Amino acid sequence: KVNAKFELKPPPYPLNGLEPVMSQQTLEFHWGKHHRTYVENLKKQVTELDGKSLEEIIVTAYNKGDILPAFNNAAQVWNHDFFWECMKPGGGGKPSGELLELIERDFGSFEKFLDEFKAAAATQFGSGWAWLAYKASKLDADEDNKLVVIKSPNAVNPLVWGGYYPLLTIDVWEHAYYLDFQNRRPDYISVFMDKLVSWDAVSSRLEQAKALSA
């Protein structure tokens, strides 16, 4: 976690690991330039913040929405770390086990959840993120302890709310997709879900989320 000599964390696969769906070129820019830059700038800004955790810096700098200078950088480092963990070579398909059950419990069906997640991703105007998060007051009316789809602008993530545990994200900043899809953000989102998403990753987060909100 902490901001010592913090370094950029590589994705959990080689930069060509997601070919042909997300290009090596996209990885090289998105991770090697954008993500790297957030890391470098955060380190320059980070001070009373020195040696604090990424998440602590994020929640404090959000400042109820009147954000402090380190917020954008800290939140984007975390968001991109999380984003790389959300995908895998040979990803896609459907979740299983408790994640699938909960998704069916809260959205009726996986397909309904998929459509809701894709619409959130598609309609976030400008730069930002779409999320699947576990909503639980014990994290911080009885509904409560359930999955939600949320879209957020710019660097904002569900950690700043809170009572939300992020489970899945898709980056909808144009740099995430422009080299591969240009304007076609819906096709990108669709392909992300069909081919890239690591349901194993999302399931692990859900276990952590349930443990934390018990």
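Note that residue numbering begins at 1 and tracks the sequence as displayed.
The entry shows a gap from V46 to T47, with 1 to 3 unmodelled residues of the deposited sequence in between.
In the deposited entry, the stretch joining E101 to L102 is continuous, with no residue of the deposited sequence left without coordinates. For the two regions 52 to 60 and 178 to 186, the entry's Cα B-factors average higher over 52 to 60.
Mean C-alpha B-factor is higher over 105 to 113 than over the other stretch, the pair under comparison being 105 to 113 and 127 to 135. Across the residues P166, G32, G162, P153, the deposited record lists the maximum Cα B factor for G162. Ranking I67, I170, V149, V39 by Cα temperature factor from the entry places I67 first.
Among all modelled residues in this chain, the alpha-carbon of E143 has a temperature factor (C-alpha) in the highest third. Sort the modelled residues of the chain by CA B factor and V21 lands in the highest third.
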